[PDB]
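Protein chains in written order, with the working numbering: chain A, 1 to 143; chain B, 144 to 287; chain C, 288 to 435; chain D, 436 to 590; chain E, 591 to 621; chain F, 622 to 810. For every residue, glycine included, the Cβ atom is placed at its ideal position computed from N, Cα and C. Each remark here refers to the structure printed beneath this line.
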Amino acid sequence: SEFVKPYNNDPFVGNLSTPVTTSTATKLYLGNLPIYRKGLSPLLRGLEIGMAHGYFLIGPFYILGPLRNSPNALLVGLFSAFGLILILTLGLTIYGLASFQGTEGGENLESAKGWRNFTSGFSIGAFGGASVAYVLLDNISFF
Amino acid sequence: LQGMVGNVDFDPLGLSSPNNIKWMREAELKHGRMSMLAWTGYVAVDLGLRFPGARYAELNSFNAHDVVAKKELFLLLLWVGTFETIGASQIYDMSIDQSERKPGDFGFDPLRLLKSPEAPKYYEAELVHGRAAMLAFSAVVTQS
Amino acid sequence: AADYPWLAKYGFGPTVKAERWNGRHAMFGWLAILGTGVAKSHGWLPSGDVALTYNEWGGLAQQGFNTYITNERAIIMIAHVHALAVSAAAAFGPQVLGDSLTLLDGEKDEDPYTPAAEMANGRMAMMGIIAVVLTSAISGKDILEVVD
Amino acid sequence: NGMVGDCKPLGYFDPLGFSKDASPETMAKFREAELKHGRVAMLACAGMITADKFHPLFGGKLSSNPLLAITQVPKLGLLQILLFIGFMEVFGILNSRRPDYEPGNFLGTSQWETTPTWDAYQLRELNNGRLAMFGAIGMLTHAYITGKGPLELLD
Amino acid sequence: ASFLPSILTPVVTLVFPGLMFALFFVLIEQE
Amino acid sequence: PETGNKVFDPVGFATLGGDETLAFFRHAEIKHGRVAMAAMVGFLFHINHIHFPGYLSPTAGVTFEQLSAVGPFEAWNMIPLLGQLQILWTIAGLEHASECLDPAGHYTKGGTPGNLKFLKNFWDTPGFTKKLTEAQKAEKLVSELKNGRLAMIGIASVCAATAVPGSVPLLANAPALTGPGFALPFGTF
Ligand code: CLA
Ligand code: CLA
Ligand SMILES: CCCCCC(=O)OC\C(C=C=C1C(C)(C)C[C@H](OC(C)=O)C[C@@]1(C)O)=C/C=C/C(C)=C/C=C/C=C(C)/C=C/C=C(\C)C(=O)C[C@@]12O[C@]1(C)C[C@@H](O)CC2(C)C
Ligand code: KC2
Ligand SMILES: CC1=C(C#C/C(C)=C/C=C/C(C)=C/C=C/C=C(C)/C=C/C=C(C)/C=C/[C@@]23O[C@]2(C)C[C@@H](O)CC3(C)C)C(C)(C)C[C@H](O)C1
Ligand SMILES: CC1=C(C#C/C(C)=C/C=C/C(C)=C/C=C/C=C(C)/C=C/C=C(C)/C=C/[C@@]23O[C@]2(C)C[C@@H](O)CC3(C)C)C(C)(C)C[C@H](O)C1
Ligand SMILES: CC1=C(C#C/C(C)=C/C=C/C(C)=C/C=C/C=C(C)/C=C/C=C(C)/C=C/[C@@]23O[C@]2(C)C[C@@H](O)CC3(C)C)C(C)(C)C[C@H](O)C1
Ligand SMILES: CC1=C(C#C/C(C)=C/C=C/C(C)=C/C=C/C=C(C)/C=C/C=C(C)/C=C/[C@@]23O[C@]2(C)C[C@@H](O)CC3(C)C)C(C)(C)C[C@H](O)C1
Ligand SMILES: CC1=C(/C=C/C(C)=C/C=C/C(C)=C/C=C/C=C(C)/C=C/C=C(C)/C=C/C2=C(C)CCCC2(C)C)C(C)(C)CCC1
C-alpha cells in the first residue's frame with residue numbers, strides 16, 4: 001500500500017499527502033476550526049479565537065507568576081493576561097496595517113476591513129475570556 | 144422609530160432612529176423577559192413557593208442572594224452565560240454587519256406557536272408584558 | 288496635520304473626534320474626583336497610611352525604596368486599571384453602535400467649531416480639570432481640599 | 436459485503452442474518468458500532484491491566500479495583516473525560532455526514548492506493564477489537580464479583 | 591519627586607519603545 | 622362521549638399555535654396518560670406490599686422490603702443515588718430515541734402523535750396487537766386516551782392526598798398514602 005502520495009495529484013508541489021496532512025480527521029478538525037469554518041464572519045472568527053486564547057492566558061500568570069503565593073495572585077494574573085492581550089491585539093492591528101494596505105473588498109480576513117473586524121473580535125473575546133477564567137478560578141471550589 | 148411592535152413613538156429624548164434600533168428593540172425584549180421572570184420569582188418567593196430543603200426555608204428573596212451566590216447561583220450563572228454566549232454569537236453577527244435577522248428572534252419557537260393566526264397578538268403581548276414587568280420589578284426592588 | 292498623514296488618517300491629533308473623546312474623559316474625570324472626594328470623606332478606602340509589602344504586592348509595592356504606596360492607592364490603581372482594560376476592550380473591540388476612537392476609513396472628522404452640547408460641556412470640563420490642577424500647584428494644597 | 440471483517444475460524448459469521456436483506460446504511464452503522472466497541476474495549480482492557488499494578492496518578496493510592504477507582508476519581512476528571520469523548524464523537528458524526536464515508540475510517544483511506552495488506556491489518560484491528568470486547572466485560576464482571584482487579588484476580 | 595520614577599520609567603521603557611517599534615515596522619512595510 | 626362529543630376546550634388552549642402544536646399536545650397527553658397509568662399500577666403494587674425478593678443494592682444494604690415498608694414516594698428517595706441515575710438515564714435514552722428514530726419524522730411534522738413502535742418490539746413485545754386490525758386498534762387507542770386521562774386524574778388525586786391533608790374522598794384517611802407527596806430526582810436535588 002501507499003499512504004503517502006502527491007498533494008492534489010501534483011508530484012512537483014512541495015508537499016506530500018500523508019495521513020497527518022490529508023486524513024479525514026485532520027480535514028474535519030481543521031475545516032471546522034473557527035479560522036476555517038464555513039459561514040462564519042470575520043467578527044465571529046476573531047470572537048471565538050479571542051475567547052479561546054483569553055480563557056487560558058490567565059493561568060500561567062496566576063500559578064507561576066511572582067505573586068502566586070500572595071492573596072492577590074488571581075488579580076495579578078488577570079491583569080497580566082489583560083496586558084499580554086493588549087500586546088497581542090496591538091500586534092494584530094499593526095499586522096493588518098502592514099499587510100492589507102490597499103484593500104476595499106471587505107468581508108475577508110485577507111482584507112483591511114475583515115482583518116479589523118477579526119482583530120476587534122479577538123480583543124473583546126480575549127478580555128472576556130480572561131475575566132471569565134478569573135471568575136471560574138475564584139469559585140473553583142464549586143466543582 | 145416606526146414599523147415595530149408597540150410603536151407609540153414615545154421618544155422625547157434622543158435614543159436611536161436611523162441606527163441602533165436592531166440592538167435597541169432586541170435589548171428591550173431581553174430586558175422585558177428578564178423582568179417578567181424576575182418579578183414572577185420575587186412574588187412567588189415572597190408568597191411562599193420554595194424549594195424543598197433546609198437552607199431554602201428561611202430565605203426570602205432580598206435576604207437570599209448573599210447565601211445563594213456561590214454554589215447554586217453560580218450554576219445559574221454558567222447556564223445563563225452559555226445561552227447568552229450563543230445569543231451573542233447570533234447578535235454580534237447581525238448588528239455590526241447588516242446580515243438578515245430580527246431583533247430578539249433566537250429561533251426559540253420549538254412549539255411553532257407563531258404559526259397561529261394571532262401571531263401579531265404575541266408580537267405585542269410580549270413587549271407590553273416585558274415593559275409592565277419592568278415597571279413592576281423596579282417597584283418591588285425599590286420598596287426594599 | 289498634513290505633515291502627519293498617518294495619525295491624521297485615524298483622527299489621532301488635533302481632531303474633533305479626539306476633542307470629543309477627551310471631553311468625555313474630562314467629564315468622567317471630574318466625576319471621579321468628586322466621587323473619590325466623597326469616598327475619602329466617608330469610610331471606604333483603607334486608612335492609617337499603611338504601606339504595601341512585597342508579600343502582597345511584590346516589587347510593585349516598593350516596600351523599602353521610598354514613596355509610601357498605600358492600600359488606598361492600590362485599590363484606586365486597580366479601579367483605573369480596570370477602566371483601562373474596559374478601554375482597550377471598547378476601543379479595539381466592536382463599536383457597539385456608538386463612537387469609534389479611531390476615525391475609520393470611511394468617516395471624515397466632524398466639522399470643526401446634543402453632540403455640540405457634549406462638546407461644550409467637554410471643553411468646560413477640561414478647563415475645570417486644568418484650573419483645579421493649577422490651583423493645587425500654586426497653592427500647594429491638595430486637589431480634594433481645593434475642590435472642597 | 437465489501438467489508439473486511441470475515442476471518443478463518445468462523446468464516447463470514449452471521450448466524451441470525453442481520454446483514455441479510457439490509458441496506459448499506461444499516462451495514463455501515465453496524466460496522467461503525469463494531470469498530471467503536473472494539474476500540475473502546477481495547478482502551479478499557481489496557482487501562483485495567485496497567486492501572487491494576489501501576490497507578491501513579493492521584494496520589495499513587497487510588498483503588499486498583501476498576502469499579503471503585505472511577506467512583507474515587509474527582510468529578511472534574513470525569514467531566515473532562517466525557518468532554519474529550521464527546522469531542523471525538525462530534526467528528527465521528529461529521530465523518531458519517533461526509534459524502535465519502537467508510538464506517539470506522541477517520542483516516543480517509545479511500546484516497547490512497549490500498550491493498551490486501553491494508554485489508555489484513557483492518558482485519559487485525561477488528562479481531563483484536565472482538566477479543567477486547569469480550570475481555571472488558573469479563574474484567575468488569577470479575578471486578579464486581581470478587582472485588583479484585585484483573586492481575587490481582589490472577590494473583 | 592519619588593512619584594516620578596514610577597510614572598516615567600515604565601511609560602518610557604515599555605509603552606514608548608513598543609509604539610516606536612510598531613511605527614517603524616508599519617513604516618518600513620509601506621508600499 | 623362522557624364529555625358530550627365536542628372539542629371540550631372552554632378556555633382556548635387548543636389553538637394557541639397550529640397543527641404542530643396540537644400534535645405536540647396530543648403526544649404529551651398520550652405520554653402523560655401512559656406514565657400516569659404505570660404510576661397507578663406501581664402505587665397499587667407498592668401499597669399492597671408487592672415487591673421482588675432480594676437486596677436491591679447488596680453493597681449499601683437497601684432492600685425492596687424497606688422501600689415497600691416506608692411509603693410510596695419515600696421509596697424513591699431511598700433508592701441509591703446511582704440507581705436513580707440509572708433509571709432516569711434509561712428513560713432519557715428512550716425519550717431521545719422516541720424523538721429521533723421515527724422514519725416518517727417528528728410527531729409534529731409527519732409522525733403519528735403517541736406512536737413509538739418505530740423502536741422495534743418496544744410495544745407489543747410478545748405481540749398481542751399483531752393479531753388485531755386497524756379498525757380495532759383505533760377503538761383501542763380511544764380506550765387508551767380515556768384510561769390515560771382517568772389515571773392522570775387518579776395520580777393527581779393521590780399526590781394531593783399524600784401532600785395536603787384529606788383532599789380526596791376514600792383516600793382522605795387511608796394511612797396507606799403517607800410519606801412525602803412529591804419525590805425529587807436523585808433524592809435531595
Ligand atoms: C541621556 C541622558 C539621560 C539618561 C541616560 C537618563 C536616564 C534615566 N532617567 Mg532621565 N532625565 C534626563 C536625562 C537622562 N536620563 C534629563 C535631562 C532629565 C530632565 C532634567 C531627566 C529626568 C528624569 C526623571 C524625572 C526621571 C528620569 C529617570 C531616568 C531613569 C529611567 C528612564 C526614564 O524614563 O528616564 C527618561 C525620562 C524622561 C522624562 C525623558 C528625558 C529625556 C532625555 C533628556 C532624552 C535624552 C536623549 C539622548 C541624549 C539620546 C537619545 C536616546 C535614544 C533615543 C537612543 C534612567 C536612569 C527616572 C528615574 O529617576 O528612575 C530611577 C525618573 O523618574 N529622568
Ligand atoms: C456489538 C458489537 C458487534 C457488532 C455491532 C458487530 C457487527 C458486525 N459483525 Mg460481528 N462480532 C462481534 C461483535 C459485533 N459485531 C464480536 C464480539 C465477535 C466475536 C465473536 C464478532 C465476530 C464477527 C465475525 C467473525 C464477523 C462479524 C461480522 C460482522 C458484520 C456482519 C454481521 C452482522 O450483521 O452483525 C450484526 C451484529 C449486531 C447487530 C450486534 C448484535 C448483538 C446482540 C444483540 C448481542 C449478542 C451477545 C450476547 C447478548 C452476549 C454474549 C456473551 C457475553 C458478552 C455476555 C457486522 C459489521 C462479519 C463481517 O464483518 O463480515 C464481513 C464477520 O465475518 N462479527
Ligand atoms: C448507565 C451506565 C451504562 C450506560 C451504557 C449503556 O448504553 O447502557 C445501556 C443501558 C440501557 C439502555 C438504553 C439506553 C442506552 C438508555 C437507550 C437505548 O435506546 C436507543 C439508543 O434507542 C436502549 C436502552 C433503553 O436499553 C443501561 C445499562 C446499565 C448498566 C450497565 C448499569 C450498571 C450498573 C452498575 C452499578 C450500579 C454498580 C455498582 C457497584 C458497586 C456499588 C460496588 O460496590 C462494586 C464494588 O467494586 C466496589 C466499588 C468495591 C469493591 O470492594 C467491590 C465491590 C463489588 C463492592
Ligand atoms: C480525556 C483526556 C484528557 C485530556 C485530553 C485532558 C486535557 C487537558 C488539558 C489540555 C491539553 C488541560 C489544560 C488539562 C488540565 C487539567 N486536567 Mg485534564 N485532560 C484529560 C483527562 C483528565 C482527567 C481524568 C483529569 C484531568 C485533570 C486535570 C487538571 C487537574 C485539576 C486539579 O488539580 O484538580 C487540570 C488542570 C484532573 C482533575 O480535573 O482533577 C480534579 C483529572 O482527574 N484531566 N487537561
Ligand atoms: C497658544 C496657541 C494655541 C492655543 C490655545 C488654547 C486656548 C489652548 C487651550 C488648551 C487647553 C486648555 C487644553 C487642555 C487639555 C486638557 C486635557 C486633554 C486633559 C484631560 C484630562 C483627563 C481626560 C483626565 C482624566 C482623569 O484624571 C481625571 C481628571 C480623574 C482621574 O481619576 C483619572 C481620569 C483619567 C479619569 C494653539 C491653537 C495651540 C496654537 C496657536 O498658534 C496659539
Ligand atoms: C467512544 C470513542 C472513543 C473513546 C474513548 C475513550 C473510552 C476515551 C477515554 C479516555 C481517558 C480515560 C482519558 C484520560 C486521561 C487522563 C489524564 C490525562 C489525566 C490527567 C491527570 C492530571 C493532570 C493530574 C492528576 C493528579 O493526580 C495527580 C498526578 C496528583 C494528585 O495530587 C492530584 C491530581 C488530580 C493533580 C475513541 C476510541 C477515542 C473514538 C471513537 O470513535 C469514539
Ligand atoms: C384538554 C385541556 C384541558 C385540560 C386539562 C387537564 C385538567 C389536565 C391535567 C393534567 C394532569 C393533572 C397531569 C398529571 C400528570 C402527572 C404525572 C405525570 C405524574 C407522574 C407520577 C409519577 C411518575 C410517580 C411515580 C411514583 O409514585 C410511583 C408510581 C410509585 C413510587 O414508588 C415512586 C414514585 C413516587 C416516583 C382544559 C384545561 C380543560 C382546557 C384546555 O384548553 C385543554
Ligand atoms: C381521584 C380519585 C381516585 C382515582 C382514580 C382513577 C380515576 C384512577 C385510574 C387509573 C387508571 C385508569 C389506570 C389504568 C391502567 C391501565 C393499564 C395498566 C392498561 C394496560 C393495558 C395493556 C397493557 C393492554 C394491552 C393490549 O390491549 C393492547 C393495547 C392491544 C392488544 O393487541 C394486546 C393487549 C391485549 C396486551 C380514587 C383514589 C380511586 C378515589 C378518589 O375518591 C378519587
Ligand atoms: C484537540 C485535542 C486536544 C487539544 C485540546 C484543546 C487545545 C483544548 C482546549 C480547550 C479550551 C481552551 C477550552 C476553552 C473554553 C473556553 C471558555 C469557557 C470561554 C468562555 C468565554 C466567555 C464566557 C466569554 C464571554 C464574554 C465576555 C465575558 C465579555 C463580552 C464578550 C464575551 C461574550 C466573549 C488534546 C491534545 C488535549 C487531546 C487530543 C485532541
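Checklist entry - Three or more beta-carbon pairs under 8 Å between the segment 793-805 of chain F and the segment 676-689 of chain F, yes or no? => result no
Next on the checklist: Measuring only the C-alpha atoms, how far is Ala130(A) from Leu88(A)?
Outcome noted: As a position in the first sequence, residue 130(A) is number 130, starting the count at 1. As a position in the first sequence, residue 88(A) is number 88, starting the count at 1. Cα to Cα, the separation comes out at about 14 Å.
Item to check | Secondary structure of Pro6(A), DSSP reduced to three states | outcome: Here residue 6(A) refers to the residue found at position 6 of the first sequence. In the structure shown, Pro6(A) sits in a strand (DSSP, three-state: E or B).
Checklist entry - Between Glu587(D) and the rest of its own chain, which residues show a CB-CB distance below 7 Å, the 5 nearest in sequence each way excluded? => result Taking the fourth sequence and counting its residues from 1, the one referred to as residue 587(D) is at position 152. Taken in chain order, the residues that qualify are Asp487 and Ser499.
Item to check | Per-residue DSSP class, three states only, for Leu643(F) | outcome: Residue 643(F) sits at position 22 when you count from the first residue of the sixth sequence. Residue state, collapsed to three classes: helix.
Next on the checklist: With distance defined between alpha-carbon atoms, name the residue in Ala366(C), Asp429(C) and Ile416(C) nearest to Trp317(C).
Outcome noted: For this step, residue 317(C) is matched to residue 30 along the third sequence. When each option's Cα is compared against that of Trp317(C), the closest is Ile416(C).
Checklist entry - Excluding five sequence neighbours on each side, which residues of the same chain lie with their C-beta closer than 7 Å to the C-beta of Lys327(C)? => result On the third sequence, position 40 is the one that residue 327(C) refers to. For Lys327(C), where only same-chain residues beyond five positions count, the Cβ hits under 7 Å are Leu431.
Checklist entry - Is it right to say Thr461(D) is buried, meaning 16 or more other beta carbons lie within 10 angstroms of its own, or is it exposed? => result Counting from one through the fourth sequence, the residue named residue 461(D) turns up at place 26. Looking at its Cβ environment, which holds fewer than 16 other Cβ atoms inside 10 Å, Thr461(D) is exposed.
Checklist entry - Looking at C-beta atoms only, is the number of pairs between the segment 203-219 of chain B and the segment 295-312 of chain C that lie closer than 8 Å three or more? => result no
Next on the checklist: So, for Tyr199(B): in the same chain, excluding its five sequence neighbours on each side, which residues have a beta-carbon less than 7 Å away from its beta-carbon?
Outcome noted: Here residue 199(B) is taken as the residue at index 56 of the second sequence, counted from 1. Excluding sequence neighbours, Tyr199(B) sits near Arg193.
Checklist entry - Going along chain A in order, which residues have a C-beta closer than 8 Å to the C-beta of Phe615(E)? => result Numbered from 1 along the fifth sequence, position 25 holds the residue referred to as residue 615(E). Chain A residues near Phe615(E): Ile94 and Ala98.
Next on the checklist: Comparing C-alpha positions only, which one of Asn562(D), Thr552(D) and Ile572(D) sits nearest to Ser1(A)?
Outcome noted: Start at 1 with the first residue of the first sequence, and residue 1(A) comes out as number 1. Measuring from the Cα of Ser1(A), the nearest candidate turns out to be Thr552(D).
Item to check | Members of the segment 209-240 of chain B near chain F, C-beta cut-off 8 Å | outcome: none
Item to check | Cβ pair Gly121(A), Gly50(A) closer than 8 Å | outcome: As a working note, residue 121(A) is residue 121 in the first sequence. As a working note, residue 50(A) is residue 50 in the first sequence. Result yes, Cβ atoms of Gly121(A) and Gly50(A) sit closer than 8 Å.
Item to check | Touch test, the segment 362-372 of chain C against the segment 262-279 of chain B, Cβ-Cβ under 8 Å, three pairs minimum | outcome: no
Checklist entry - Which of helix, strand or coil does DSSP assign to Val683(F)? => result Within the sixth sequence, the letter at position 62 stands for residue 683(F). In the structure shown, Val683(F) sits in a strand (DSSP, three-state: E or B).
Checklist entry - So, using beta-carbon positions, are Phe127(A) and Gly46(A) closer together than 8 Å? => result One-based indexing of the first sequence puts residue 127(A) at position 127. One-based indexing of the first sequence puts residue 46(A) at position 46. Taking 8 Å as the Cβ cut-off, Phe127(A) and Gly46(A) do not qualify as a contacting pair.
Checklist entry - Going by DSSP, what residues sit across from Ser141(A) in a beta bridge? => result Residue mapping note: residue 141(A) aligns to position 141 of the first sequence, counting from 1. BP columns for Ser141(A) are empty, so no partner.
Checklist entry - Whose C-alpha, out of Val325(C), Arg410(C), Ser423(C) and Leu421(C), is nearest the C-alpha of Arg311(C)? => result Position 24 of the third sequence, counted from the first residue, corresponds to residue 311(C). Ranking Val325(C), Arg410(C), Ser423(C) and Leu421(C) by Cα distance to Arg311(C) puts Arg410(C) first.
Item to check | Residues that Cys442(D) bridges to, as DSSP identifies them | outcome: Counted from its first residue, the fourth sequence places residue 442(D) at position 7. DSSP, once it has assigned bridges, lists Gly446(D) as partnering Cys442(D).
Checklist entry - Within 10 angstroms of its Cβ, does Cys780(F) collect 16 or more other Cβ (buried), or is it exposed? => result Here residue 780(F) is taken as the residue at index 159 of the sixth sequence, counted from 1. The residue in question, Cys780(F), is buried, as its Cβ has 16 or more Cβ neighbours within 10 Å.
Item to check | Selection from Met661(F), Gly714(F) and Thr783(F) that minimises the alpha carbon distance to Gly692(F) | outcome: The count along the sixth sequence starts at 1 and reaches residue 692(F) at position 71. Nearest option by C-alpha distance: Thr783(F).
Checklist entry - For the putative contact between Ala649(F) and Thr729(F), defined by C-beta atoms under 8 Å, what is the C-beta separation to the nearest angstrom? => result Locating residue 649(F) in the sixth sequence gives position 28, counting from the first residue. Locating residue 729(F) in the sixth sequence gives position 108, counting from the first residue. Wrong, their Cβ atoms sit about 11 Å apart, outside the cutoff.
Checklist entry - Do you know whose CA, among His727(F), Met773(F) and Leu688(F), lies nearest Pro701(F)'s CA? => result The count along the sixth sequence starts at 1 and reaches residue 701(F) at position 80. Of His727(F), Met773(F) and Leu688(F), the residue nearest in Cα terms is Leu688(F).
Checklist entry - How many angstroms separate the CA atom of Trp166(B) from the CA atom of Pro246(B)? => result Translated into the one-based positions of the second sequence, residue 166(B) becomes position 23. Translated into the one-based positions of the second sequence, residue 246(B) becomes position 103. Roughly 7 Å separates the two Cα atoms.
Item to check | Residues that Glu641(F) contacts on chain B, provided the C-beta gap is smaller than 8 Å | outcome: Position 20 of the sixth sequence holds residue 641(F). In chain order: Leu254, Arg255 and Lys258.
Checklist entry - In whole angstroms, what separates the C-alpha of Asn163(B) from that of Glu169(B)? => result By one-based count along the second sequence, residue 163(B) stands at place 20. By one-based count along the second sequence, residue 169(B) stands at place 26. Rounded to whole angstroms, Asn163(B) to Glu169(B) spans 10 Å at the Cα level.
Next on the checklist: What residue range does the alpha helix (DSSP H) around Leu40(A) cover?
Outcome noted: Position 40 of the first sequence, counted from the start, is the residue given in the question as residue 40(A). Note, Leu40(A): premise wrong, no alpha helix (DSSP H); not H, not E.
Checklist entry - In chain order, what residues of the same chain lie with their CB nearer than 7 Å to the CB of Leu40(A), ignoring the 5 residues before and after it? => result Residue numbering aside, residue 40(A) sits at position 40 when the first sequence is read from its first letter. Contacts found: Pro34.
Checklist entry - Can you check whether the CB of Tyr134(A) is closer than 8 Å to the CB of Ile63(A)? => result Walking along the first sequence from the start, residue 63(A) turns up at place 63. Walking along the first sequence from the start, residue 134(A) turns up at place 134. Not a contact, by the Cβ cut-off of 8 Å.
Checklist entry - Hey, is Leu137(A) close to ligand 4, as in C-beta under 7 Å from one of its heavy atoms? => result What you label residue 137(A) is simply residue 137 of the first sequence in a count that begins at 1. No - ligand 4 has no heavy atom lying nearer than 7 Å to the Cβ of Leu137(A).
Next on the checklist: Looking at the secondary structure, which residues open and close the alpha helix (DSSP H) in which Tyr266(B) lies?
Outcome noted: Along the second sequence, read from residue 1 onward, the residue named residue 266(B) stands at position 123. It spans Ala262 to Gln286 - the alpha helix (DSSP H) in which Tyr266(B) sits, taken as one unbroken run.
Next on the checklist: Could you check whether the Cβ of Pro631(F) sits closer than 7 Å to any heavy atom belonging to ligand 7?
Outcome noted: Locating residue 631(F) in the sixth sequence gives position 10, where the first residue counts as 1. True, at least one ligand heavy atom lies under 7 Å from that Cβ.
Next on the checklist: Any beta carbon from chain A within less than 8 Å of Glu343(C)'s own beta carbon?
Outcome noted: Mapped onto the third sequence, residue 343(C) falls at position 56. Taking Cβ atoms only, chain A reaches closer than 8 Å to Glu343(C), which makes this a yes.
Item to check | Per DSSP, the bridge partner or partners of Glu548(D) | outcome: The residue you call residue 548(D) lines up with position 113 of the fourth sequence. Note: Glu548(D) sits in a beta bridge opposite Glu2(A).
Item to check | Members of the segment 195-207 of chain B that neighbour chain F once the beta carbon cut-off is set at 8 Å | outcome: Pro195 and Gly196
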